[PDB]
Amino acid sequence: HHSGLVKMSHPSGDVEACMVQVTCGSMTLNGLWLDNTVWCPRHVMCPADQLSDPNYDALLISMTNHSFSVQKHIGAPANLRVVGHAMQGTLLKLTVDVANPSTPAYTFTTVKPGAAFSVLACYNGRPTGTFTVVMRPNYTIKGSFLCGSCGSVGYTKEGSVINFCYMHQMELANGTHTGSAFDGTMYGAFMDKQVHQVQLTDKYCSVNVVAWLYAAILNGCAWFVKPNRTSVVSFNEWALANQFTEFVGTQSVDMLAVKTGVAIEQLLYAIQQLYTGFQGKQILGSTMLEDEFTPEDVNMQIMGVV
């Protein structure tokens, strides 16, 4: 039995219409054009001989409006003249002379560990792929980004409003990725410098494992459900010693409990048992715990509830 779960991204068209190419000196990457503003990573200003320890304050003062070339390629093409520039954290805010006529309704938000978002991967201002990731507990994502991908954006969508939450910046030593929020902060403890950095330990996202076990029950797979129960408090004590995030319930999880008639505490017990071993059994085609699907994914994809 197929679970009915796929990695589901938002339709990307609203965001595709906002992507541009930004060039500064010897650097080119992507930017996001909303109203009269183009956002892009500030390391587009960095010469290759400074990438390991840039002085971004001095680089910013060294730029003029002529330092930046901004072009839109796909769809309605345009060359955008930069008329102001500013730095916010690890992002540049370029002011341009033309307002994007296809600016969607949008907000800026920060995504939290365990939450999913959609990524539009772009090179030279041209969208090339879309995928969805969950923010890991160590503030990396398991993405797919190559040279030239910086400035690619991540977002969620509520109704017609696009909530931009990620601008791609870098690849870590273990092949995961991180970037900035649109307040300019890097996710986690990372810095936008090309030097090796301490990377924190990842953890299983307990609330997403619970979601996946509910997806299994919703698919008729419940061999792991027992009368036994572990309290949230007891589970969370256990989680700290076993590389799991502490569990915090949500109405999304509560809907899954009501639909299945299986209590959260039953699944917290099952996780503890499954972590010691699946004993050769499979859950939704897997012999290990899955934490890349959220309670919202399961509600939406299986239960039809948004």
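Residue numbers run from 1 along the displayed sequence. Rigid core: the largest C-alpha set superposing within 1.5 Å between the two forms.
Original post:
If you line up the core and then measure how far each C-alpha sits from this form in 8 other deposited structures of this protein, which stretch comes out higher, 47-55 or 34-42?
Top reply: Result of the core-fitted comparison in 8 other deposited structures of this protein: 47-55 deviates more.
Subject >> Which of 120-128 and 188-196 strays further in 8 other deposited structures of this protein - Cα RMS after rigid core alignment >> reply: Relative to the shown form, the greater RMS C-alpha distance in 8 other deposited structures of this protein belongs to 188-196.
**OP:** Can you check if, in at least a third of the other PDB entries compared, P77 has no modelled coordinates?
**Re:** Across the other compared entries, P77 is absent from at least a third.
Original post:
According to the deposited model, is the average Cα temperature factor higher in 36-44 or in 242-250?
Top reply: Averaged over C-alpha atoms, the B-factors run higher in 242-250.
Original post:
Where do the C-alpha atoms have the higher mean temperature factor in this entry, in 144-152 or in 216-224?
Top reply: Taking the mean C-alpha B-factor of 144-152 and of 216-224, the larger value falls to 216-224.
Original post:
Per the PDB entry, which option out of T128, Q197, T110, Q169 has the greatest Cα B factor?
Top reply: Each of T128, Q197, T110, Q169 was compared by C-alpha B-factor; the highest is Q197.
**OP:** For the C-alpha B-factor as written in the entry, point me to the maximum among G114, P101, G179, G75.
**Re:** Answer for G114, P101, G179, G75: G75, with the highest C-alpha B-factor.
Original post:
Going by the entry, which third of its chain does the Cα temperature factor of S286 land in?
Top reply: Highest third, going by the recorded CA B-factors of the chain.
**OP:** Taking the chain's C-alpha temperature factors as the reference, tell me which third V305 falls into: lowest, middle or highest.
**Re:** Its C-alpha B-factor belongs to the highest third of this chain's values.
Original post:
By its CA B factor, does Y187 count among the lowest, middle or highest third of the modelled residues in the chain?
Top reply: Middle third - that is where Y187 ends up once the chain's C-alpha B-factors are sorted.
Subject >> Chain thirds of CA B-factor: placement of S234 >> reply: For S234, whose C-alpha B-factor we compare with every modelled residue in the chain, the answer is the highest third.
**OP:** Rank-wise, by C-alpha B-factor, drop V134 into the lowest, middle or highest third of its chain.
**Re:** Its C-alpha B-factor belongs to the lowest third of this chain's values.
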